[PDB]
file input14.cif (mmCIF, N, CA and C atoms and all ligand atoms)
data_work
loop_
_atom_site.label_atom_id
_atom_site.label_comp_id
_atom_site.auth_asym_id
_atom_site.auth_seq_id
_atom_site.Cartn_x
_atom_site.Cartn_y
_atom_site.Cartn_z
N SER A 42 6.18 11.56 -18.17
CA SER A 42 6.96 12.52 -17.40
C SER A 42 6.21 13.11 -16.18
N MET A 43 4.93 13.48 -16.34
CA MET A 43 4.15 14.12 -15.28
C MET A 43 3.54 13.08 -14.32
N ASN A 44 3.06 13.60 -13.11
CA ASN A 44 2.38 12.72 -12.14
C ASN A 44 0.88 12.67 -12.41
N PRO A 45 0.27 11.50 -12.26
CA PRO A 45 -1.18 11.40 -12.34
C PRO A 45 -1.82 11.85 -11.04
N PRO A 46 -3.12 12.11 -11.04
CA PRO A 46 -3.80 12.30 -9.78
C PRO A 46 -3.62 11.06 -8.93
N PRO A 47 -3.66 11.20 -7.61
CA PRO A 47 -3.48 10.05 -6.74
C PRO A 47 -4.67 9.11 -6.82
N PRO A 48 -4.54 7.89 -6.31
CA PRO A 48 -5.69 7.01 -6.24
C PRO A 48 -6.77 7.62 -5.37
N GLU A 49 -8.01 7.28 -5.70
CA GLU A 49 -9.17 7.66 -4.92
C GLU A 49 -9.08 7.18 -3.47
N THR A 50 -9.41 8.07 -2.53
CA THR A 50 -9.53 7.73 -1.11
C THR A 50 -10.89 8.07 -0.53
N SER A 51 -11.78 8.65 -1.32
CA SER A 51 -13.10 9.06 -0.87
C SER A 51 -14.06 8.83 -2.01
N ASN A 52 -15.22 8.23 -1.71
CA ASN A 52 -16.25 8.08 -2.74
C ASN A 52 -17.57 7.83 -2.03
N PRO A 53 -18.41 8.84 -1.84
CA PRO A 53 -19.57 8.66 -0.97
C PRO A 53 -20.54 7.62 -1.44
N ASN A 54 -20.57 7.32 -2.74
CA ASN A 54 -21.49 6.32 -3.25
C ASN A 54 -20.91 4.91 -3.24
N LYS A 55 -19.66 4.74 -2.84
CA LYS A 55 -19.14 3.38 -2.72
C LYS A 55 -19.59 2.78 -1.40
N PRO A 56 -20.16 1.58 -1.39
CA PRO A 56 -20.59 0.98 -0.12
C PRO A 56 -19.38 0.66 0.76
N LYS A 57 -19.55 0.88 2.06
CA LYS A 57 -18.46 0.79 3.03
C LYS A 57 -18.90 -0.06 4.20
N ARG A 58 -17.92 -0.72 4.83
CA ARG A 58 -18.15 -1.38 6.11
C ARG A 58 -16.99 -1.10 7.04
N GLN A 59 -17.27 -1.26 8.33
CA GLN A 59 -16.25 -1.36 9.36
C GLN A 59 -16.39 -2.75 9.95
N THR A 60 -15.44 -3.63 9.62
CA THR A 60 -15.45 -5.01 10.09
C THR A 60 -14.23 -5.26 10.97
N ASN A 61 -14.28 -6.35 11.74
CA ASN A 61 -13.13 -6.67 12.58
C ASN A 61 -11.88 -6.92 11.74
N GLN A 62 -12.02 -7.52 10.55
CA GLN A 62 -10.85 -7.73 9.70
C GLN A 62 -10.28 -6.40 9.21
N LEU A 63 -11.15 -5.47 8.80
CA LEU A 63 -10.61 -4.19 8.36
C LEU A 63 -9.99 -3.42 9.52
N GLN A 64 -10.53 -3.60 10.73
CA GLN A 64 -9.93 -2.94 11.89
C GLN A 64 -8.54 -3.49 12.16
N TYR A 65 -8.37 -4.81 12.01
CA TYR A 65 -7.05 -5.44 12.14
C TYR A 65 -6.10 -4.95 11.06
N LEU A 66 -6.60 -4.79 9.83
CA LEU A 66 -5.73 -4.29 8.77
C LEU A 66 -5.16 -2.91 9.09
N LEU A 67 -5.91 -2.07 9.80
CA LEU A 67 -5.40 -0.76 10.19
C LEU A 67 -4.54 -0.83 11.45
N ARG A 68 -5.07 -1.46 12.51
CA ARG A 68 -4.43 -1.39 13.82
C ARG A 68 -3.18 -2.27 13.90
N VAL A 69 -3.17 -3.39 13.19
CA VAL A 69 -2.03 -4.30 13.22
C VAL A 69 -1.20 -4.17 11.94
N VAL A 70 -1.81 -4.40 10.78
CA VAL A 70 -1.02 -4.56 9.55
C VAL A 70 -0.43 -3.23 9.11
N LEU A 71 -1.29 -2.22 8.88
CA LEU A 71 -0.78 -0.92 8.44
C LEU A 71 0.14 -0.31 9.49
N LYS A 72 -0.26 -0.35 10.77
CA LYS A 72 0.56 0.28 11.81
C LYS A 72 1.95 -0.35 11.87
N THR A 73 2.03 -1.68 11.73
CA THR A 73 3.32 -2.37 11.80
C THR A 73 4.22 -1.97 10.64
N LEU A 74 3.66 -1.89 9.43
CA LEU A 74 4.49 -1.52 8.29
C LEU A 74 4.85 -0.04 8.32
N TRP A 75 3.93 0.81 8.80
CA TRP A 75 4.15 2.26 8.74
C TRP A 75 5.32 2.72 9.60
N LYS A 76 5.54 2.06 10.75
CA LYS A 76 6.57 2.42 11.70
C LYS A 76 7.94 1.84 11.35
N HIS A 77 8.01 0.96 10.36
CA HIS A 77 9.23 0.24 10.01
C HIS A 77 10.27 1.21 9.45
N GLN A 78 11.55 0.89 9.66
CA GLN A 78 12.62 1.77 9.17
C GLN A 78 12.66 1.88 7.64
N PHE A 79 12.03 0.94 6.92
CA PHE A 79 12.01 0.96 5.47
C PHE A 79 10.67 1.44 4.91
N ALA A 80 9.80 1.98 5.77
CA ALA A 80 8.47 2.41 5.32
C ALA A 80 8.52 3.66 4.47
N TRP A 81 9.50 4.54 4.68
CA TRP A 81 9.37 5.89 4.14
C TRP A 81 9.18 5.98 2.63
N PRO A 82 9.80 5.16 1.77
CA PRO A 82 9.54 5.33 0.33
C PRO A 82 8.12 4.99 -0.08
N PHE A 83 7.38 4.31 0.80
CA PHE A 83 6.06 3.80 0.51
C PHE A 83 4.95 4.57 1.21
N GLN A 84 5.27 5.66 1.89
CA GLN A 84 4.29 6.38 2.69
C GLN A 84 3.51 7.43 1.91
N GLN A 85 3.76 7.56 0.62
CA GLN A 85 3.09 8.53 -0.24
C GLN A 85 3.23 8.05 -1.68
N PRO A 86 2.41 8.56 -2.59
CA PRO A 86 2.55 8.18 -4.00
C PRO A 86 3.93 8.50 -4.54
N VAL A 87 4.39 7.68 -5.48
CA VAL A 87 5.66 7.96 -6.14
C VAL A 87 5.56 9.30 -6.86
N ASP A 88 6.46 10.23 -6.51
CA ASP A 88 6.56 11.54 -7.19
C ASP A 88 7.59 11.38 -8.29
N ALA A 89 7.10 11.06 -9.49
CA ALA A 89 7.98 10.75 -10.61
C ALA A 89 8.68 11.98 -11.14
N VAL A 90 8.17 13.17 -10.83
CA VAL A 90 8.86 14.41 -11.20
C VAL A 90 10.07 14.63 -10.29
N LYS A 91 9.83 14.70 -8.99
CA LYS A 91 10.92 14.90 -8.04
C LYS A 91 11.97 13.80 -8.14
N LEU A 92 11.55 12.56 -8.33
CA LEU A 92 12.49 11.44 -8.39
C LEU A 92 13.11 11.26 -9.76
N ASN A 93 12.71 12.08 -10.73
CA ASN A 93 13.20 12.00 -12.11
C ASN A 93 13.05 10.58 -12.66
N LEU A 94 11.81 10.09 -12.62
CA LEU A 94 11.45 8.77 -13.15
C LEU A 94 10.37 8.98 -14.20
N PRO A 95 10.73 9.54 -15.36
CA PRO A 95 9.70 9.92 -16.33
C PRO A 95 8.98 8.75 -16.94
N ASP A 96 9.53 7.54 -16.87
CA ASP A 96 8.85 6.37 -17.40
C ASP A 96 8.00 5.64 -16.35
N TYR A 97 7.98 6.12 -15.10
CA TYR A 97 7.34 5.35 -14.03
C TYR A 97 5.87 5.10 -14.33
N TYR A 98 5.14 6.14 -14.67
CA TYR A 98 3.71 5.99 -14.90
C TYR A 98 3.39 5.58 -16.34
N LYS A 99 4.41 5.33 -17.17
CA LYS A 99 4.20 4.59 -18.41
C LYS A 99 4.22 3.09 -18.18
N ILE A 100 4.83 2.64 -17.08
CA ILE A 100 4.95 1.22 -16.77
C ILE A 100 3.98 0.81 -15.68
N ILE A 101 3.76 1.68 -14.70
CA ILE A 101 2.94 1.37 -13.53
C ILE A 101 1.58 2.02 -13.76
N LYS A 102 0.62 1.20 -14.16
CA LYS A 102 -0.72 1.70 -14.47
C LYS A 102 -1.70 1.59 -13.30
N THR A 103 -1.34 0.90 -12.22
CA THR A 103 -2.18 0.86 -11.02
C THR A 103 -1.29 1.24 -9.84
N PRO A 104 -0.97 2.52 -9.69
CA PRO A 104 -0.10 2.95 -8.58
C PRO A 104 -0.78 2.72 -7.24
N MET A 105 0.04 2.43 -6.23
CA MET A 105 -0.51 2.26 -4.88
C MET A 105 0.60 2.46 -3.88
N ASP A 106 0.24 2.97 -2.70
CA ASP A 106 1.20 3.32 -1.67
C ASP A 106 0.49 3.24 -0.32
N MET A 107 1.29 3.23 0.76
CA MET A 107 0.68 3.09 2.08
C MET A 107 -0.01 4.36 2.57
N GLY A 108 0.39 5.53 2.06
CA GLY A 108 -0.36 6.74 2.39
C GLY A 108 -1.80 6.63 1.92
N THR A 109 -1.98 6.18 0.68
CA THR A 109 -3.31 5.95 0.13
C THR A 109 -4.05 4.86 0.91
N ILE A 110 -3.36 3.76 1.21
CA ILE A 110 -4.02 2.70 1.97
C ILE A 110 -4.43 3.20 3.35
N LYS A 111 -3.54 3.94 4.00
CA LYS A 111 -3.83 4.52 5.31
C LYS A 111 -5.08 5.39 5.26
N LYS A 112 -5.17 6.27 4.25
CA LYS A 112 -6.35 7.12 4.12
C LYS A 112 -7.59 6.28 3.85
N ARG A 113 -7.47 5.25 3.01
CA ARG A 113 -8.63 4.42 2.73
C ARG A 113 -9.13 3.75 4.01
N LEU A 114 -8.21 3.21 4.81
CA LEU A 114 -8.61 2.57 6.07
C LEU A 114 -9.22 3.58 7.03
N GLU A 115 -8.59 4.75 7.18
CA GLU A 115 -9.09 5.73 8.14
C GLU A 115 -10.39 6.36 7.67
N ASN A 116 -10.63 6.40 6.36
CA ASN A 116 -11.88 6.91 5.78
C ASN A 116 -12.93 5.83 5.62
N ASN A 117 -12.67 4.62 6.10
CA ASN A 117 -13.58 3.48 5.98
C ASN A 117 -14.03 3.28 4.54
N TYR A 118 -13.06 3.35 3.63
CA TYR A 118 -13.30 3.32 2.19
C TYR A 118 -13.61 1.93 1.65
N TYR A 119 -13.13 0.87 2.32
CA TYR A 119 -13.22 -0.49 1.82
C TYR A 119 -14.54 -1.16 2.21
N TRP A 120 -14.93 -2.16 1.41
CA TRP A 120 -16.01 -3.09 1.76
C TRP A 120 -15.48 -4.32 2.48
N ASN A 121 -14.32 -4.83 2.09
CA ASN A 121 -13.84 -6.05 2.74
C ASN A 121 -12.32 -6.05 2.80
N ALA A 122 -11.79 -7.01 3.56
CA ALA A 122 -10.35 -7.07 3.77
C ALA A 122 -9.60 -7.36 2.48
N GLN A 123 -10.18 -8.17 1.59
CA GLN A 123 -9.48 -8.54 0.37
C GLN A 123 -9.20 -7.33 -0.51
N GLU A 124 -10.10 -6.33 -0.51
CA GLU A 124 -9.83 -5.10 -1.26
C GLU A 124 -8.56 -4.43 -0.75
N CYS A 125 -8.40 -4.36 0.57
CA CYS A 125 -7.24 -3.73 1.17
C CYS A 125 -5.98 -4.56 0.96
N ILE A 126 -6.08 -5.87 1.19
CA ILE A 126 -4.96 -6.76 0.92
C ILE A 126 -4.49 -6.63 -0.53
N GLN A 127 -5.43 -6.47 -1.46
CA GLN A 127 -5.05 -6.30 -2.85
C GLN A 127 -4.23 -5.02 -3.05
N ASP A 128 -4.61 -3.94 -2.35
CA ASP A 128 -3.85 -2.69 -2.45
C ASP A 128 -2.41 -2.90 -1.99
N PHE A 129 -2.21 -3.59 -0.85
CA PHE A 129 -0.84 -3.83 -0.39
C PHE A 129 -0.07 -4.61 -1.43
N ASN A 130 -0.69 -5.66 -1.96
CA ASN A 130 -0.01 -6.51 -2.92
C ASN A 130 0.30 -5.75 -4.21
N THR A 131 -0.60 -4.85 -4.63
CA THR A 131 -0.31 -4.00 -5.77
C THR A 131 0.92 -3.14 -5.50
N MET A 132 1.00 -2.55 -4.31
CA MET A 132 2.14 -1.71 -3.95
C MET A 132 3.45 -2.50 -4.05
N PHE A 133 3.49 -3.70 -3.47
CA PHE A 133 4.73 -4.47 -3.53
C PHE A 133 5.07 -4.87 -4.95
N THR A 134 4.07 -5.37 -5.68
CA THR A 134 4.28 -5.83 -7.05
C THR A 134 4.76 -4.70 -7.96
N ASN A 135 4.17 -3.50 -7.84
CA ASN A 135 4.64 -2.36 -8.62
C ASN A 135 6.14 -2.15 -8.45
N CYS A 136 6.61 -2.26 -7.21
CA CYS A 136 8.03 -2.10 -6.93
C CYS A 136 8.86 -3.17 -7.65
N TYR A 137 8.42 -4.43 -7.61
CA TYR A 137 9.16 -5.50 -8.26
C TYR A 137 9.09 -5.40 -9.77
N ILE A 138 7.99 -4.86 -10.31
CA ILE A 138 7.88 -4.63 -11.75
C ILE A 138 8.84 -3.53 -12.19
N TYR A 139 8.81 -2.38 -11.51
CA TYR A 139 9.54 -1.22 -12.03
C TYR A 139 11.05 -1.33 -11.79
N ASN A 140 11.46 -1.83 -10.63
CA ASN A 140 12.86 -1.81 -10.24
C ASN A 140 13.52 -3.14 -10.57
N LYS A 141 14.82 -3.24 -10.32
CA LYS A 141 15.53 -4.48 -10.60
C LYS A 141 15.90 -5.20 -9.31
N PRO A 142 16.11 -6.52 -9.36
CA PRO A 142 16.47 -7.24 -8.14
C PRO A 142 17.73 -6.66 -7.54
N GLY A 143 17.75 -6.57 -6.22
CA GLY A 143 18.91 -6.06 -5.52
C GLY A 143 18.91 -4.57 -5.30
N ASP A 144 18.10 -3.81 -6.04
CA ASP A 144 17.91 -2.40 -5.73
C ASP A 144 17.51 -2.23 -4.27
N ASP A 145 17.96 -1.13 -3.67
CA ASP A 145 17.59 -0.83 -2.30
C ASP A 145 16.08 -0.86 -2.11
N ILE A 146 15.34 -0.23 -3.03
CA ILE A 146 13.90 -0.12 -2.84
C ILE A 146 13.24 -1.50 -2.85
N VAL A 147 13.81 -2.44 -3.61
CA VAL A 147 13.28 -3.80 -3.67
C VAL A 147 13.55 -4.53 -2.37
N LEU A 148 14.76 -4.36 -1.81
CA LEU A 148 15.08 -4.93 -0.50
C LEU A 148 14.14 -4.40 0.58
N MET A 149 13.82 -3.10 0.49
CA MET A 149 12.90 -2.49 1.44
C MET A 149 11.50 -3.08 1.28
N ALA A 150 11.02 -3.17 0.04
CA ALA A 150 9.71 -3.78 -0.19
C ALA A 150 9.66 -5.22 0.29
N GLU A 151 10.74 -5.98 0.08
CA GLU A 151 10.73 -7.38 0.52
C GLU A 151 10.62 -7.49 2.03
N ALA A 152 11.31 -6.62 2.77
CA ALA A 152 11.24 -6.65 4.23
C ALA A 152 9.84 -6.29 4.71
N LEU A 153 9.23 -5.25 4.12
CA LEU A 153 7.86 -4.92 4.47
C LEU A 153 6.91 -6.06 4.12
N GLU A 154 7.10 -6.67 2.95
CA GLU A 154 6.19 -7.72 2.52
C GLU A 154 6.28 -8.95 3.42
N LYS A 155 7.49 -9.28 3.88
CA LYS A 155 7.64 -10.39 4.83
C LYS A 155 6.78 -10.17 6.07
N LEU A 156 6.85 -8.96 6.63
CA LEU A 156 6.03 -8.63 7.80
C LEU A 156 4.55 -8.63 7.45
N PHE A 157 4.21 -8.07 6.29
CA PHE A 157 2.83 -8.09 5.83
C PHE A 157 2.27 -9.51 5.82
N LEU A 158 3.02 -10.44 5.22
CA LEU A 158 2.54 -11.82 5.15
C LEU A 158 2.39 -12.42 6.53
N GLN A 159 3.33 -12.13 7.43
CA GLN A 159 3.22 -12.66 8.78
C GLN A 159 1.96 -12.15 9.47
N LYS A 160 1.63 -10.87 9.28
CA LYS A 160 0.42 -10.34 9.93
C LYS A 160 -0.85 -10.88 9.27
N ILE A 161 -0.86 -10.99 7.94
CA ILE A 161 -2.08 -11.44 7.25
C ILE A 161 -2.35 -12.90 7.57
N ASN A 162 -1.30 -13.67 7.84
CA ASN A 162 -1.46 -15.06 8.26
C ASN A 162 -2.37 -15.19 9.47
N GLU A 163 -2.41 -14.18 10.34
CA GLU A 163 -3.25 -14.21 11.53
C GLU A 163 -4.42 -13.23 11.45
N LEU A 164 -4.85 -12.93 10.23
CA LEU A 164 -6.10 -12.20 10.03
C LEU A 164 -7.21 -12.90 10.80
N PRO A 165 -7.93 -12.20 11.68
CA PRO A 165 -8.96 -12.87 12.47
C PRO A 165 -10.11 -13.33 11.59
N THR A 166 -10.82 -14.35 12.07
CA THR A 166 -12.01 -14.79 11.37
C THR A 166 -13.08 -13.70 11.45
N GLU A 167 -13.90 -13.60 10.41
CA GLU A 167 -14.94 -12.57 10.38
C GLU A 167 -15.94 -12.77 11.51
N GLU A 168 -16.26 -11.68 12.21
CA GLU A 168 -17.29 -11.70 13.24
C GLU A 168 -18.68 -11.77 12.62
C1 LIG A 201 7.85 2.88 -4.34
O1 LIG A 201 8.74 3.33 -5.32
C2 LIG A 201 9.65 4.30 -4.90
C3 LIG A 201 9.31 5.19 -3.86
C4 LIG A 201 10.23 6.10 -3.46
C5 LIG A 201 11.56 6.17 -4.12
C6 LIG A 201 11.86 5.29 -5.15
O2 LIG A 201 13.08 5.29 -5.84
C7 LIG A 201 13.91 4.15 -5.69
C8 LIG A 201 10.91 4.35 -5.54
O3 LIG A 201 11.15 3.43 -6.56
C9 LIG A 201 10.81 3.92 -7.83
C10 LIG A 201 12.64 7.20 -3.73
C11 LIG A 201 13.98 6.49 -3.48
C12 LIG A 201 14.06 5.45 -2.58
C13 LIG A 201 15.28 4.83 -2.40
BR1 LIG A 201 15.38 3.39 -1.12
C14 LIG A 201 16.42 5.21 -3.09
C15 LIG A 201 16.35 6.25 -4.01
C16 LIG A 201 15.12 6.88 -4.19
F1 LIG A 201 15.04 7.89 -5.08
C17 LIG A 201 12.34 8.05 -2.49
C18 LIG A 201 10.92 8.02 -1.96
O4 LIG A 201 10.57 8.76 -1.12
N1 LIG A 201 9.95 7.07 -2.42
#
call {"tool": "encode", "arguments": {"input": "input14.cif", "output": "structure tokens"}}
result
Amino acid sequence: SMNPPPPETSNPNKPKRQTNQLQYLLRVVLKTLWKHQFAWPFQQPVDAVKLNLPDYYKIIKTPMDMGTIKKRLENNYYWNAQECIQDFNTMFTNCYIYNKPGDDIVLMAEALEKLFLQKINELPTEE
């Protein structure tokens, strides 16, 4: 029934890098998805209290959202691009796990994911 604490976005002892791939993940990938007309349900953690989804965090054990990803990118939280790509994929997969096909939120996730895949296809080679 209750909400968990959000995912970690700060950890001073976690090793961090700023790489050209992570810069692309923020400037191209995150920015493109964030401005999309279907971005809004994904811009913050699922509030299972407000949304009256008391089973959400009984089913979704690795929550993820673009607000968290945005903070991780802006806080230089990641070591490599694959960590960040995994967060996006967790976010989409959580939606497909919890909801049913044809739900509005699933259609929204699919449109964002299509764009995500198109941008990741042109992830630059590591400098
Ligand atoms: C990522 O998972 C979700 C995030 C949000 C919402 C979700 O409910 C479908 C949701 O799926 C569990 C809410 C919402 C979205 C649509 Br579309 C229709 C009804 C809604 F209650 C609103 C929101 O701000 N975020």
call {"tool": "residues_around", "arguments": {"input": "input14.cif", "residues": "residue A:133", "least_positions_apart": "4", "cutoff": "7 Å", "atoms": "all atoms listed in the file", "output": "list in words"}}
result
residues 105, 128, 129, 137, 138 and 150 of chain A
call {"tool": "select_by_dssp", "arguments": {"input": "input14.cif", "residues": "chain A", "states": "alpha helix (DSSP H)", "output": "PyMOL selection string"}}
result
chain A and resi 61-65+72-75+97-100+107-115+122-139+145-161
call {"tool": "residues_near_ligand", "arguments": {"input": "input14.cif", "ligand": "ligand LIG 201 (chain A)", "cutoff": "6 Å", "atoms": "all atoms listed in the file", "output": "VMD selection string"}}
result
chain A and resid 81 to 83 87 92 136 145 to 146
call {"tool": "closest_residue", "arguments": {"input": "input14.cif", "among": "A:122, A:46, A:101, A:80", "to": "residue A:165", "atoms": "only C-alpha atoms"}}
result
A:122
call {"tool": "atom_distance", "arguments": {"input": "input14.cif", "atom1": "atom C of residue A:75", "atom2": "atom N of residue A:108"}}
result
9.4 Å
call {"tool": "residues_around", "arguments": {"input": "input14.cif", "residues": "stretch 55-57 of chain A", "least_positions_apart": "6", "cutoff": "6.5 Å", "atoms": "all atoms listed in the file", "output": "PDB file with N, CA and C atoms, in the coordinates of the input"}}
result
ATOM      1  N   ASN A 117     -12.670   4.620   6.100  1.00  0.00           N
ATOM      2  CA  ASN A 117     -13.580   3.480   5.980  1.00  0.00           C
ATOM      3  C   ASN A 117     -14.030   3.280   4.540  1.00  0.00           C
ATOM      4  N   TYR A 118     -13.060   3.350   3.630  1.00  0.00           N
ATOM      5  CA  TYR A 118     -13.300   3.320   2.190  1.00  0.00           C
ATOM      6  C   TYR A 118     -13.610   1.930   1.650  1.00  0.00           C
ATOM      7  N   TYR A 119     -13.130   0.870   2.320  1.00  0.00           N
ATOM      8  CA  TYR A 119     -13.220  -0.490   1.820  1.00  0.00           C
ATOM      9  C   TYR A 119     -14.540  -1.160   2.210  1.00  0.00           C
ATOM     10  N   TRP A 120     -14.930  -2.160   1.410  1.00  0.00           N
ATOM     11  CA  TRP A 120     -16.010  -3.090   1.760  1.00  0.00           C
ATOM     12  C   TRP A 120     -15.480  -4.320   2.480  1.00  0.00           C
TER      13      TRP A 120
END
call {"tool": "closest_residue", "arguments": {"input": "input14.cif", "among": "A:42, A:62, A:49, A:97", "to": "residue A:139", "atoms": "only N, CA and C atoms"}}
result
A:97
call {"tool": "closest_residue", "arguments": {"input": "input14.cif", "among": "A:140, A:63, A:147, A:125", "to": "residue A:168", "atoms": "only C-alpha atoms"}}
result
A:63
call {"tool": "atom_distance", "arguments": {"input": "input14.cif", "atom1": "atom CA of residue A:107", "atom2": "atom CA of residue A:161"}}
result
15.7 Å
call {"tool": "atom_distance", "arguments": {"input": "input14.cif", "atom1": "atom CA of residue A:153", "atom2": "atom CA of residue A:51"}}
result
25.8 Å
call {"tool": "residues_around", "arguments": {"input": "input14.cif", "residues": "residue A:160", "least_positions_apart": "4", "cutoff": "6 Å", "atoms": "all atoms listed in the file", "output": "PyMOL selection string"}}
result
chain A and resi 70+156+164
call {"tool": "decode", "arguments": {"input": "input14.cif", "residues": "stretch 55-92 of chain A", "atoms": "C-alpha atoms", "output": "short mmCIF file (atom, residue, chain, number, x, y, z; two decimals), in the first residue's frame"}}
result
data_model
loop_
_atom_site.label_atom_id
_atom_site.label_comp_id
_atom_site.auth_asym_id
_atom_site.auth_seq_id
_atom_site.Cartn_x
_atom_site.Cartn_y
_atom_site.Cartn_z
CA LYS A 55 30.31 5.07 -5.98
CA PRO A 56 32.91 5.59 -8.74
CA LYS A 57 31.73 8.00 -11.42
CA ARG A 58 32.74 9.07 -14.91
CA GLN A 59 31.73 11.69 -17.42
CA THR A 60 32.11 10.02 -20.82
CA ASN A 61 30.97 11.01 -24.29
CA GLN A 62 28.42 8.16 -24.23
CA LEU A 63 26.95 9.32 -20.93
CA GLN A 64 26.85 12.88 -22.27
CA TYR A 65 24.86 11.60 -25.27
CA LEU A 66 22.51 9.71 -22.96
CA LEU A 67 21.63 13.03 -21.27
CA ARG A 68 21.76 15.51 -24.16
CA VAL A 69 20.13 13.30 -26.82
CA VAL A 70 18.37 10.30 -25.26
CA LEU A 71 16.93 11.70 -22.02
CA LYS A 72 16.17 15.12 -23.54
CA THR A 73 14.28 13.55 -26.46
CA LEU A 74 12.12 11.36 -24.23
CA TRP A 75 11.57 14.05 -21.57
CA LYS A 76 9.97 16.54 -24.01
CA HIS A 77 7.64 13.94 -25.59
CA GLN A 78 3.87 14.33 -25.16
CA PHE A 79 3.77 10.90 -23.43
CA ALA A 80 6.67 11.59 -21.03
CA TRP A 81 4.64 12.85 -18.09
CA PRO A 82 3.70 9.51 -16.38
CA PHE A 83 7.41 8.60 -16.40
CA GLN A 84 8.92 11.86 -15.11
CA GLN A 85 8.77 10.86 -11.42
CA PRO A 86 8.47 7.68 -9.33
CA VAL A 87 5.10 5.96 -9.36
CA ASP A 88 3.08 7.38 -6.44
CA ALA A 89 1.14 4.25 -5.56
CA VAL A 90 -0.78 6.09 -2.83
CA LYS A 91 -2.07 8.93 -5.00
CA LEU A 92 -2.73 6.56 -7.91
#
